[PDB]
Every structure is written in structure tokens, then in C-alpha cells.
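First comes one chain, alone, set out as C-alpha cells in the form deposited in one PDB entry.
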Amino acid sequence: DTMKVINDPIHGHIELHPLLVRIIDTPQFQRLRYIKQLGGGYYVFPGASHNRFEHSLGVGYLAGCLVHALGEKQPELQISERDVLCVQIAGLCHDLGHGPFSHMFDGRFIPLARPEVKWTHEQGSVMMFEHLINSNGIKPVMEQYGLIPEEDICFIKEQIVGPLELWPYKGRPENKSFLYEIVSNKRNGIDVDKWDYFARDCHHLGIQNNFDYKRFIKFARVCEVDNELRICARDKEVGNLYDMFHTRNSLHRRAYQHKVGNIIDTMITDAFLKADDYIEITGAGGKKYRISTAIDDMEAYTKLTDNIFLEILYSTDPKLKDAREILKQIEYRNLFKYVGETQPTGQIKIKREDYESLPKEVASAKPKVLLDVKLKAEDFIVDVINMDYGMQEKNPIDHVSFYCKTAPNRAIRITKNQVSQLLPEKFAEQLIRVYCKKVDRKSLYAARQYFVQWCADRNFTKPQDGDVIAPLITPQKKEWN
């Protein structure tokens, strides 16, 4: 009935409309309190204790800030309170679909557990959102505050996942197209979701950031672009936009793809796979699901959080011994050892299906060196990481519209050459990391020899420490030295 104020360390005091409060105070939303934003990253950065819940509040907040700012600067847009609330709800609910340890679940576990299924947190979010609305009688409340549930639920889902299918959207018309650019921007990835996690992750990781998404909001405008009304940035902000993506890449390099964070994520995933058939999760009508099938039933999925990790760890079931033992090894910090990193060379890329064959490939290499131990495919992990600017090969800034101060209503396009010659020439790459399950000194030395030999055999890039870890092997390849 009245607004609530929430104090957030990143954003300070956030005002929440009563309808938003109703949505937040539900089991489906509060679930996000028990899911770590950075998953295994917490085990490397102790500051990163934050969960999806607080991130979601921030995203809803910033979504409101942006839509409000646009409305105040351009009354002609006819932005309504109903529009503002719908955008905030989408911002709040965009991460509802995340599973235990966030990206590990959708990124690592589900692809291995259920390769046939094509699943993402986005799809999960839409399903959970529907479940949230229907389970908690939210629709009546939406009507009370002027929302029209048929159109607006559609609109909210479309903001989260894109067209459920010309204008392909049904929730709002072309004149309100800019509303779809705020929470999850499918056009170029510039959205408030990134702005919140940049600031929040940095706050917790202990990586400094004085920058303003606030600045961006202040300079945002709506212009006509190809018969749609779209969000346009001021021209001079283009450098800041390139930097936003640079920041994202740096955060991935330093933190999200930290070699040990990833290995912990990998180990947890392995534990989950071993546990899958023995954990049972109760769904709608008392039906039982597995970790990998809870995504099919939202009532079951509601109860799938980071807790599962502890349920396995603390279990006594003999059937869970293999899974439990992996988790125990994580606790003792008996983790697999990082051997090295390389990149695929020139046009060659690694296909997703071929990830599985890779450990065998490394083991198959014959390094021209004496070896005390012989290592097996099963002793290796090979982690293939796709680093990009959020749009695969594409430059997202080529998909941004800008305006100039002398003609604020006229959208223009800006190419990379018009900005700096020091920008990336490519917007995607792969990293290949190799680890060894055998942690002893002799094994690790051997693993380094196999690894560097495999790099040479494949014409991959010379590992940075190649000359130190494998002095005998590196001479072989002339390109390297």
C-alpha cells in the first residue's frame, strides 16, 4: 500500500513501488538470496559473497531510473506509470531463472546433463516469472495499480527473452520500441543489467570503479531509427561505450574466468552430475524430479539453489559418496592443477561437441622428452572459453545509434575508424585452459610437457610460460623460437 525504501551499498536508497514489493516478497523471488552471483568465484574472491537477489533489485532500480529519465526529458514519448512499472518488473525478474552457482548451472551443468535440451537462464526466468505470478495471485494486484496483465505479462516476458515468435513484439508497439532496449538489449547488449553487475561485482571483488552508468543515463535520448523509436547515446559517449565492453572483458579475464574459479565450477558440476540421479526434488503435485529435470517444473526449480551443494556435502548416502568426495576435495583445497593456457590459431576455432575429445588429444601427443610418469586422458581437464563483446564476432557499437548536440533528434551511426585506431580489430576469441587431476610434482611436470607439445602439434599459440615450463619442447616450433 505504501512505497518501501531499500538501502543498497551500490545504489544507496532505492524506492520500491508497492506492486514491486509484492512481487519481491514471494518464494520464487526470495530464492535469489540463496544463489551466488559469481558461483565458484567466491572461492577465489572472498569479497564476492553477493547473491542474485541484490543484483536483481539493482537492475530493477536502474531500469526505473532510465525509463524515468527518458520520460522527463521527452514528455512526447508518452511514457506511462504502467510502462515504468513493467520495465521495473522485468528488471527485477530477468535473473529469476538462474540455478545453483549461476552461470555454472546454465553454462556447464545443463549442457552436460541434458545435451539434447536447449536451455538458458532467460527461458528459466520467463517460466519462473509465470509461476511467480500464478502461484501468488499477482495479476489482481497488477490490475489494482493500472497494469493490464494479458498485454503486460507478454511485454515483461518479451523484455526478458525477446520475441516469443515486421515488429515481432506483441507487448508494446513500435513507438515504444525503446522500452525493449533497457533491461536486456538484444540489439547491442547495452543494458542496465551490465551496469549493475559492473558496479556490484567490482564493489565485492575489490576492483576499483568510479565510472558512471549514471552519466550514460543522463545522456540517453530517444530518436527515430528505421521507423522505430530507439534509445540513442550522445556521440561523444562512444569511447565510454567501447570502454564498457573493455571493462566486461577485463572482469571476465581477471575474475569470472579466473582459472581456479573455473576449476571449482567444473568440480562442482562434476559432483552434481554424479549426484543427479540420487538427489530427488519435490515438484508440483508432490512429483519427484532430478537436479537436471527440475527445470521442467517450476515448483521443483524454486527449491533448486546453492543449498544443493551443502545437501550433497553433508549427505551420508553411500550412493552419493563419489559426488560427496569431490566436494570434500574442494573444501580441502585439493583442486586440480592449472597447467597452462593457449589460443587457437588464425581461422581455426573449437566446436562445442569437440570439447569432450580434447583431453584425449592432449594425452595422445608424444612429447620428445623423458617422462617419469605417463598421463591418461582422464587425468586432464580442458576448458574452452569464448571471450567476446557479447555479440559473437560482431562489434556491438556498430549496432548503436547516436546523436549530436546540434541535432539531438537525428540518429547517426559511427564506425570504428571514426573513433580510434587503437580499438580491437576482432571482437571474439577463444582461450583453452588445461588442468591436471594428478597434483604431484612429477605428474605436473609431465602434464606441462604434454600440453606444450599438443599446442605445437595443433599450431596453437605459444603459452606465455612455455620456455620455462617446457624448455625442450619450445625450440621444436620455429615460429615460437
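Don't overthink the numbering: it's just position in the shown sequence, from 1. In this text, the rigid core denotes the largest set of C-alpha atoms whose superposition between the two forms falls within 1.5 Å.
The discussion below concerns the form deposited in another entry, not included here.
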Mobile residue between this form and the one not shown, C-alpha criterion 2 Å or more, rigid core, from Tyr301, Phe245, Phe272, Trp195: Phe245
Did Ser443 shift 2 Å or more between this form and the one not shown, C-alpha, core superposed: yes
Residue shift check between this form and the one not shown, rigid core fit, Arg82 Cα at least 2 Å: no
Residue shift check between this form and the one not shown, rigid core fit, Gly286 Cα at least 2 Å: no
Outcome for the Cα pair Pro111, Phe245 in the other entry, compared with this form (closer or farther; change of 3 Å or more): farther
